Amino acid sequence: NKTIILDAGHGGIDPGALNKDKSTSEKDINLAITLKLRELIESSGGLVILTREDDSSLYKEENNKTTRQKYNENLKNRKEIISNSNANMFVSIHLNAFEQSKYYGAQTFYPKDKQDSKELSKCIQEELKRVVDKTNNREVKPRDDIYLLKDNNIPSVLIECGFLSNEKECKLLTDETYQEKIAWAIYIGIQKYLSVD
């Protein structure tokens, strides 16, 4: 009987990264994968806490209106959802994009020096490899610059599902069936991590 926070990274005025021609953004793909994953977890008897359920950002219009302020308030509000939830786990869904288009693959991250989160990340990365792309040999990497993963007291991981910078992967990431495959991989990773202890 677990309670899991799923965070579709971005929303509202904040797209994420973009494709070369700026047709495709992180917002919508993150939300799509997160809602697929929500369905997997809830139909298995877990309770899901969402930071966002739709295309919105966690800020109020006070017309101070600094885009950097809007972004910062969004992050603070997501942090409070983590703090006040009494959840067992936090999973953030993003995508990556670099200037070099040759990079591809799903990549998981965990907050530096948190062992439980490293184990969870490894479970999810193994499932992302086995289910989505056996070609992918990426290893889990620590981070210390993701605010939402710092100092949470629960296992916390970020998943960058693929690169919008890569044309083949971008085309895959806009596909509802590929999105479901990724959600399946993440869900299985969570389930293995939870079955050990």
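Sequential numbering from 1, following the sequence displayed.
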{"property": "Mean temperature factor over C-alpha atoms, higher-scoring stretch between 175 to 183 and 12 to 20", "result": "12 to 20"}
{"property": "Between 106 to 114 and 93 to 101 (mean CA B-factor, as deposited), the higher", "result": "93 to 101"}
{"property": "Criterion, highest CA B-factor; candidates, 44, 34, 51, 63", "result": "63"}
{"property": "Assigned third (lowest, middle, highest) for the C-alpha B factor of residue 38", "result": "lowest"}
{"property": "Residue 136 by Cα B-factor - lowest, middle or highest third of the modelled chain", "result": "highest"}
{"property": "Residue 164, C-alpha B-factor rank within chain (lowest, middle or highest third)", "result": "highest"}
{"property": "Ranked against its chain, the third holding the CA B-factor of residue 153", "result": "middle"}
{"property": "CA B-factor placement of residue 5, once the chain's modelled residues are sorted into thirds", "result": "lowest"}
